[PDB]
4 protein chains.
Amino acid sequence: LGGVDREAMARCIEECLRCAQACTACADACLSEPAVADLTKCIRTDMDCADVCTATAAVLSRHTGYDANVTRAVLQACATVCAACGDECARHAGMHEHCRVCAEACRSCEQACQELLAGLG
Amino acid sequence: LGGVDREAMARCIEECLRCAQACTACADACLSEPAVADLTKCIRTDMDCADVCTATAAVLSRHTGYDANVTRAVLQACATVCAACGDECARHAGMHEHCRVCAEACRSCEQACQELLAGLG
Amino acid sequence: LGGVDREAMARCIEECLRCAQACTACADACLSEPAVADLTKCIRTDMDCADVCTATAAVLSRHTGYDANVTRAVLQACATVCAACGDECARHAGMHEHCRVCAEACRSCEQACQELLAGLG
Amino acid sequence: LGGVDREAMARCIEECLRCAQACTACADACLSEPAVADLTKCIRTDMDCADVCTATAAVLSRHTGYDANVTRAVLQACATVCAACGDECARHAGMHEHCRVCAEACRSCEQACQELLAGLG
Ligand SMILES: [Cu+]
Ligand SMILES: [Cu+]
Ligand SMILES: [Cu+]
Ligand SMILES: [Cu+]
Ligand SMILES: [Cu+]
Ligand SMILES: [Cu+]
Ligand SMILES: [Cu+]
Ligand SMILES: [Cu+]
Ligand SMILES: [Cu+]
Ligand SMILES: [Cu+]
Ligand SMILES: [Cu+]
Ligand SMILES: [Cu+]
Ligand SMILES: [Cu+]
Ligand SMILES: [Cu+]
Ligand SMILES: [Cu+]
Ligand SMILES: [Cu+]
Ligand SMILES: [Cu+]
Ligand SMILES: [Cu+]
Ligand SMILES: [Cu+]
Ligand SMILES: [Cu+]
Ligand SMILES: [Cu+]
Ligand SMILES: [Cu+]
Ligand SMILES: [Cu+]
Ligand SMILES: [Cu+]
Ligand SMILES: [Cu+]
Ligand SMILES: [Cu+]
Ligand SMILES: [Cu+]
Ligand SMILES: [Cu+]
Ligand SMILES: [Cu+]
Ligand SMILES: [Cu+]
Ligand SMILES: [Cu+]
Ligand SMILES: [Cu+]
Ligand SMILES: [Cu+]
Ligand SMILES: [Cu+]
Ligand SMILES: [Cu+]
Ligand SMILES: [Cu+]
Ligand SMILES: [Cu+]
Ligand SMILES: [Cu+]
Ligand SMILES: [Cu+]
Ligand SMILES: [Cu+]
Ligand SMILES: [Cu+]
Ligand SMILES: [Cu+]
Ligand SMILES: [Cu+]
Ligand SMILES: [Cu+]
Ligand SMILES: [Cu+]
Ligand SMILES: [Cu+]
Ligand SMILES: [Cu+]
Ligand SMILES: [Cu+]
Ligand SMILES: [Cu+]
Ligand SMILES: [Cu+]
Ligand SMILES: [Cu+]
Ligand SMILES: [Cu+]
Ligand SMILES: [Cu+]
Ligand SMILES: [Cu+]
Ligand SMILES: [Cu+]
Ligand SMILES: [Cu+]
Ligand SMILES: [Cu+]
Ligand SMILES: [Cu+]
Ligand SMILES: [Cu+]
Ligand SMILES: [Cu+]
Ligand SMILES: [Cu+]
Ligand SMILES: [Cu+]
Ligand SMILES: [Cu+]
Ligand SMILES: [Cu+]
Ligand SMILES: [Cu+]
Ligand SMILES: [Cu+]
Ligand SMILES: [Cu+]
Ligand SMILES: [Cu+]
Ligand SMILES: [Cu+]
Ligand SMILES: [Cu+]
Ligand SMILES: [Cu+]
Ligand SMILES: [Cu+]
Ligand SMILES: [Cu+]
Ligand SMILES: [Cu+]
Ligand SMILES: [Cu+]
Ligand SMILES: [Cu+]
Ligand SMILES: [Cu+]
Ligand SMILES: [Cu+]
Ligand SMILES: [Cu+]
Ligand SMILES: [Cu+]
């Protein structure tokens with residue numbers, strides 16, 4: 001905060017919550033496929049991307065005693081995992097609608113994290 | 001799942017994520033008030049309501065090997081905490097806009113949990 | 001708090017953290033089995049039991065403006081899910097060491113939750 | 001995984017769970033001090049360090065489709081926040097025992113993250 005883009009922050013928080021949920025729902029949807037054995041990296045990466053988006057949403061929602069070093073590090077982590085997860089689910093976009101929808105959510109939240117991170121100094 | 005209201009489920013998941021975030025933001029907004037000393041139960045209850053809504057959103061987002069006993073217990077917990085937190089922040093609705101907004105989110109998600117729980121058998 | 005068993009509380013918090021981790025590790029260990037297709041309810045229940053134990057540990061770690069109604073509801077949820085997950089992984093105790101170890105952690109934390117819940121009035 | 005130090009990994013997971021809990025307990029203990037108004041950055045940083053340690057413990061507990069890029073990014077975030085939080089609570093080590101205990105937990109988990117991160121390539 002201070003010279004930050006408040007609208008870029010709100011987008012990042014909203015995209016994190018959306019993306020955590022998409023990833024949780026994708027993990028579960030894949031567990032239910034008969035194809036489950038071939039979708040285990042996707043499921044694992046989804047579990048991670050949901051955990052990190054959850055944490056990132058909470059970190060970014062707070063302004064008291066804001067420390068840009070913590071914020072940048074957390075946004076970096078979230079961008080890195082959303083990129084990994086985006087590609088991972090994108091692999092199954094032609095197999096399952098859940099994975100193409102989740103791939104879009106990862107990429108969208110990767111963009112939101114990157115956009116915010118850049119304007120943090 | 002099975003005879004469940006899919007739209008009541010989606011509302012519950014959306015309201016949980018909205019409410020977790022509102023509560024996290026309220027906790028932080030109160031930490032920043034000069035009035036902080038008088039707002040410590042509100043801050044604590046917000047932290048709890050954010051933790052439980054987070055968990056509830058994730059539990060309700062999953063359908064593989066669904067167990068209605070776990071689901072009902074988790075929805076019960078989330079309703080109970082949203083009721084407690086709703087009243088707690090509602091106390092400061094005439095002091096801070098963050099608390100009146102958060103009070104509405106708690107009550108809204110309390111309703112969503114109760115509505116879903118009722119149709120689970 | 002007030003007439004509560006402080007040692008029963010500490011056990012509950014410690015068992016929750018242990019159990020969240022055991023469940024996360026079990027979920028992942030099962031995703032890696034060649035048997036994964038037959039272990040999907042176990043994996044799902046593990047994900048839920050890790051989420052609820054995480055939340056319960058945090059709720060129980062807090063004493064400011066303690067509300068026994070929220071605490072009991074949250075402990076109830078955690079006991080219910082640990083019971084479900086205990087039985088679920090116990091099914092694979094003769095197939096995988098991870099599931100027999102995780103089954104013991106669920107049962108242990110089910111006991112800790114039940115013991116605490118009983119002395120809360 | 002592969003050329004990784006399995007004992008450094010277990011330490012990191014254990015220290016994260018310990019540290020998440022210490023931070024949650026410190027946040028709450030500070031909310032209860034009469035001194036609360038002067039301890040608001042400590043409380044905020046504790047909330048963040050608990051969220052990130054929670055996520056890090058879960059990420060590090062998983063081996064299926066392991067991606068060292070995600071793992072390093074997440075460990076980096078966790079080290080950065082534990083360093084920030086260590087110093088933040090260390091400021092009140094002569095005021096409250098909870099803050100000196102929590103400061104030690106942050107520093108300990110900062111070390112565990114840094115040690116692991118270094119051997120990941
Ligand atoms: Cu975000
Ligand atoms: Cu995200
Ligand atoms: Cu996601
Ligand atoms: Cu999926
Ligand atoms: Cu998948
Ligand atoms: Cu994902
Ligand atoms: Cu994510
Ligand atoms: Cu994120
Ligand atoms: Cu992300
Ligand atoms: Cu993904
Ligand atoms: Cu996929
Ligand atoms: Cu996926
Ligand atoms: Cu999917
Ligand atoms: Cu898929
Ligand atoms: Cu995704
Ligand atoms: Cu995904
Ligand atoms: Cu993602
Ligand atoms: Cu994402
Ligand atoms: Cu993001
Ligand atoms: Cu972001
Ligand atoms: Cu909900
Ligand atoms: Cu909620
Ligand atoms: Cu809320
Ligand atoms: Cu507030
Ligand atoms: Cu408040
Ligand atoms: Cu709340
Ligand atoms: Cu809530
Ligand atoms: Cu909820
Ligand atoms: Cu709730
Ligand atoms: Cu509230
Ligand atoms: Cu309030
Ligand atoms: Cu509040
Ligand atoms: Cu507020
Ligand atoms: Cu307020
Ligand atoms: Cu609220
Ligand atoms: Cu609130
Ligand atoms: Cu609430
Ligand atoms: Cu709520
Ligand atoms: Cu709700
Ligand atoms: Cu709900
Ligand atoms: Cu517990
Ligand atoms: Cu537990
Ligand atoms: Cu467990
Ligand atoms: Cu397992
Ligand atoms: Cu399993
Ligand atoms: Cu479990
Ligand atoms: Cu559990
Ligand atoms: Cu628990
Ligand atoms: Cu439990
Ligand atoms: Cu289990
Ligand atoms: Cu199992
Ligand atoms: Cu299991
Ligand atoms: Cu297992
Ligand atoms: Cu197993
Ligand atoms: Cu278990
Ligand atoms: Cu288990
Ligand atoms: Cu369990
Ligand atoms: Cu458990
Ligand atoms: Cu328990
Ligand atoms: Cu417990
Ligand atoms: Cu760790
Ligand atoms: Cu940590
Ligand atoms: Cu900590
Ligand atoms: Cu503290
Ligand atoms: Cu503090
Ligand atoms: Cu901390
Ligand atoms: Cu931490
Ligand atoms: Cu950590
Ligand atoms: Cu850390
Ligand atoms: Cu700290
Ligand atoms: Cu402190
Ligand atoms: Cu602290
Ligand atoms: Cu403290
Ligand atoms: Cu202190
Ligand atoms: Cu600490
Ligand atoms: Cu601390
Ligand atoms: Cu810390
Ligand atoms: Cu830490
Ligand atoms: Cu650490
Ligand atoms: Cu670590």
Side-chain angles (χ1 to χ4, degrees), chain B residues 1 13 16 20 23-24 27 30-31 36-89 91-92 106 110 113-114 117, chain C residues 1 13 16 20 23-24 27 30-31 36-89 91-92 106 110 113-114 117:
Chain B
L1 303 125
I13 289 162
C16 285
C23 293
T24 298
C30 291
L31 281 156
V36 60
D38 302 321
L39 315 170
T40 58
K41 180 165 185 193
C42 169
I43 284 161
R44 178 268 163 84
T45 313
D46 275 327
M47 296 191 293
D48 287 353
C49 201
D51 294 337
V52 173
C53 284
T54 297
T56 302
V59 171
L60 271 282
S61 288
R62 299 170 184 126
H63 316 142
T64 303
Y66 155 91
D67 185 1
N69 275 353
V70 163
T71 295
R72 282 191 284 246
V74 176
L75 296 170
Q76 188 57 252
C78 209
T80 293
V81 67
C82 280
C85 214
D87 297 335
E88 198 56 56
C89 298
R91 284 151 142 178
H92 314 125
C106 295
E110 184 199 345
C113 285
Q114 286 281 356
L117 191 65
Chain C
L1 303 125
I13 289 162
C16 285
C23 293
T24 298
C30 291
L31 281 156
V36 60
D38 302 321
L39 315 170
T40 58
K41 180 165 185 193
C42 169
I43 284 161
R44 178 268 163 84
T45 313
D46 275 327
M47 296 191 293
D48 287 353
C49 201
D51 294 337
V52 173
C53 284
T54 297
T56 302
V59 171
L60 271 282
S61 288
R62 299 170 184 126
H63 316 142
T64 303
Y66 155 91
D67 185 1
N69 275 353
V70 163
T71 295
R72 282 191 284 246
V74 176
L75 296 170
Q76 188 57 252
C78 209
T80 293
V81 67
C82 280
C85 214
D87 297 335
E88 198 56 56
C89 298
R91 284 151 142 178
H92 314 125
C106 295
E110 184 199 345
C113 285
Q114 286 281 356
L117 191 65

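In what follows, chains are A, B, ... by sequence order, proteins preceding strands, each numbered from 1. The figures that follow rest on heavy atoms only: side chains count, while hydrogens, waters and symmetry mates do not.
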- [ ] Could you tell me whether the side chain of B:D67 reaches within less than 4.5 Å of the side chain of C:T45, counting heavy atoms only?
- [x] no
Open item on the list: Tell me if a side-chain donor or acceptor on C:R44 pairs with a main-chain N or O of B:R62 at a distance below 3.5 Å.
Closed with: yes
TODO: Mind listing the closest non-hydrogen atom pair of C:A55 and B:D51 along with its distance?
DONE: CB-O, 3.7 Å
Task: Nearest-0.5 Å distance that lies between atom CG in C:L60 and atom CG in B:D48 - done: 9.0 Å
Task: Close contacts, residues 73-82 of chain C versus chain B, judged by heavy atoms under 4.5 Å - done: C:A73, C:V74, C:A77, C:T80, C:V81
- [ ] Could you tell me whether the side chain of B:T64 reaches within less than 4.5 Å of the side chain of C:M47, counting heavy atoms only?
- [x] no
